[PDB]
Structures are given as structure tokens and as C-alpha cells.
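Trainee: There's a structure below that I have some questions on.
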Amino acid sequence: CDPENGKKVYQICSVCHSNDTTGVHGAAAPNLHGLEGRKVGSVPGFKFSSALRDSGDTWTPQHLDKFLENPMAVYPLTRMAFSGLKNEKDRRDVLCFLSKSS
Ligand code: HEC
């Protein structure tokens, strides 16, 4: 995993999402600070779709990788309008950039 490539890949997420210490969500999507290991659809102050609002899943690396590859294959009714990252390197790299160690 190359977190440097990951930061570049992440530019596709950064208009919808925020990712900072402020707790404030992005223009269209939740703050991704603290994502790794977080319960799905739980960060306060963001109105999730019913699928994510009602989920008991956790954003493990394995669950995040599946979701980034094809969001509606994991949560069909999601409001995330994103086709998915089909390149395995780009998924692993952006996950690496999104890790707590980053
Ligand atoms: C706008 C067009 C988006 C782009 C581009 C990306 N995401 Fe997104 N994401 C978006 C919305 C509107 C939502 C909420 C969905 C719902 O059904 O309520 C999300 C949600 C996520 C989550 C779940 C967060 C949680 O706290 O459970 C994750 C992990 C996520 N998005 C990641 C992500 C990444 C890594 C992206 C770039 C590759 C990305 N999103 C793009 C809107 C949009």
C-alpha cells in the first residue's frame, strides 16, 4: 500500500466527503475522519440512507474494500452516487491513506 497514491486517488472522494478534525460533514457526504473500524452509518450529525442508518456492520478493511469496489452491491439503497473503484491497487491505496495510521 502506497498512501501517496492513495491521497491522489482520494481526490475523487473529497468533493462529496470531508475528512478533518472538525466533526462537520462534507458538501454531500459524512466526514471520513476516524473511519477505520467505525460502525457503519453512525457518525453523528449526518442523515444516512435507511440501509446505512439501520446497519450493524463495522467499516473493517474488508468491508470497506467491498463497498468501494461496488457501493450498491453492498448497500443497494445507498445515497452514495459512485460507480466504484475497479482497480485493486487504487482501493488498497485509498484504504491505506484512510487508515488510522495516516
Ligand atoms: C458524492 C457523489 C460521493 C462521492 C464521489 C463519494 N462518496 Fe462516499 N458517500 C456519499 C454519500 C452521500 C454517503 C452517505 C450514503 C448513505 O447511503 O447514507 C457516503 C458514504 C460513505 C461511507 C460510509 C460512511 C459511514 O460513516 O458509514 C464511506 C466509507 C464512503 N462514503 C467512502 C467514500 C470513498 C472512499 C470515496 C472515494 C473513493 C467516496 N466515498 C466517494 C457520497 C459520495
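Just remember, in the C-alpha cells the first chain shown is A, the second B, etc., residues are 1-based per chain, and ligands are 1-based in the order shown.
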Write out as a PyMOL selection string each polymer residue (protein, DNA or RNA) that has an atom no more than 9 Å from ligand 1, with only C-alpha atoms and all ligand atoms counted.
Mentor: chain A and resi 9-17+26-32+34-36+38-44+46-53+55+57-59+64-65+67-69+71+75-85+90-91+94-95+98
Trainee: Restricting it to C-alpha atoms, dump the selection as a tab-separated table (two decimals), in the first residue's frame.
Mentor:
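Final output, result-v2.tsv:
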```tsv
chain	number	residue	atom	x	y	z
A	9	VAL	CA	-6.99	8.51	-5.51
A	10	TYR	CA	-8.84	10.16	-2.61
A	11	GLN	CA	-9.33	13.34	-4.64
A	12	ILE	CA	-12.34	11.60	-6.19
A	13	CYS	CA	-13.97	11.35	-2.74
A	14	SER	CA	-13.13	14.82	-1.49
A	15	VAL	CA	-15.85	16.91	-3.14
A	16	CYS	CA	-18.63	14.91	-1.51
A	17	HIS	CA	-16.83	13.96	1.74
A	26	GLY	CA	-18.81	17.45	3.57
A	27	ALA	CA	-20.80	19.08	0.82
A	28	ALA	CA	-22.75	15.84	0.29
A	29	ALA	CA	-21.27	13.07	2.46
A	30	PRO	CA	-20.06	12.31	6.00
A	31	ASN	CA	-16.73	13.24	7.49
A	32	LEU	CA	-14.39	10.29	6.93
A	34	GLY	CA	-11.93	8.18	12.15
A	35	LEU	CA	-13.48	5.86	9.54
A	36	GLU	CA	-11.42	2.71	10.07
A	38	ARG	CA	-16.22	2.80	12.86
A	39	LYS	CA	-19.76	1.41	12.90
A	40	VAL	CA	-21.50	1.93	9.56
A	41	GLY	CA	-23.90	4.88	9.42
A	42	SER	CA	-23.15	6.07	12.96
A	43	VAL	CA	-21.03	9.25	12.86
A	44	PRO	CA	-23.25	11.90	14.46
A	46	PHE	CA	-25.20	13.01	9.07
A	47	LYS	CA	-28.56	11.76	7.76
A	48	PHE	CA	-27.81	8.32	6.34
A	49	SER	CA	-29.97	6.25	3.99
A	50	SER	CA	-32.13	3.63	5.69
A	51	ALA	CA	-29.64	0.92	4.71
A	52	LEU	CA	-26.70	2.53	6.44
A	53	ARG	CA	-28.78	4.04	9.25
A	55	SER	CA	-26.81	-1.35	9.73
A	57	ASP	CA	-21.82	-3.60	10.28
A	58	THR	CA	-18.37	-2.12	11.04
A	59	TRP	CA	-16.06	-0.45	8.49
A	64	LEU	CA	-14.61	-1.03	3.09
A	65	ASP	CA	-12.83	-2.70	0.17
A	67	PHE	CA	-18.06	-1.18	-0.63
A	68	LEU	CA	-15.50	0.92	-2.53
A	69	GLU	CA	-15.44	-1.68	-5.33
A	71	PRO	CA	-21.23	0.52	-3.30
A	75	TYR	CA	-25.85	-1.34	0.26
A	76	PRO	CA	-28.18	-1.29	-2.76
A	77	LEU	CA	-30.25	1.61	-1.47
A	78	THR	CA	-27.26	3.84	-0.63
A	79	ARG	CA	-27.26	7.56	-1.48
A	80	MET	CA	-23.54	7.35	-2.43
A	81	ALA	CA	-23.64	8.03	-6.20
A	82	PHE	CA	-20.30	6.40	-7.01
A	83	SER	CA	-19.60	3.71	-9.60
A	84	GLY	CA	-16.78	2.22	-7.55
A	85	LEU	CA	-13.01	1.79	-7.73
A	90	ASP	CA	-6.47	2.14	-6.07
A	91	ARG	CA	-8.76	0.54	-3.47
A	94	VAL	CA	-7.02	4.83	-0.71
A	95	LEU	CA	-7.77	2.46	2.19
A	98	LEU	CA	-7.72	6.40	5.13
```
Trainee: For the atom pair atom CA of residue A:96 and atom CA of residue A:72, what is the interatomic distance in Å to one decimal place?
Mentor: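 Computing the Euclidean distance for atom CA of residue A:96 and atom CA of residue A:72 yields 22.1 Å.
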Trainee: Using only C-alpha atoms, which of A:7, A:25, A:33, A:66 sits nearest residue A:88?
Mentor: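 Selected residue with least distance to residue A:88: A:66.
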Trainee: State, in Å with one decimal place, the distance from atom CA of residue A:4 to atom CA of residue A:74.
Mentor: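 Going from atom CA of residue A:4 over to atom CA of residue A:74 covers 27.1 Å.
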Trainee: What does the distance from atom CA of residue A:20 to atom CA of residue A:73 come to in Å, to one decimal?
Mentor: 27.9 Å
Trainee: Pick the closest to residue A:5 from A:19, A:61, A:56, A:93: which is it, counting only C-alpha atoms?
Mentor: A:93
Trainee: When distances are computed from only C-alpha atoms, which of A:8, A:54, A:70, A:18 shows the smallest separation from residue A:97?
Mentor: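 Nearest to residue A:97: A:8.
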Trainee: Pick the closest to residue A:2 from A:89, A:60, A:22, A:37: which is it, counting only C-alpha atoms?
Mentor: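 Going through A:89, A:60, A:22, A:37 one by one, the smallest distance to residue A:2 is for A:89.
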Trainee: Among chain A, which residues does DSSP mark as helix (DSSP H, G or I) when it is run on the backbone? Keep the chain and numbering as in the structure and answer as an MDAnalysis selection string.
Mentor: chainID A and resid 3:12 50:53 61:69 71:74 88:97
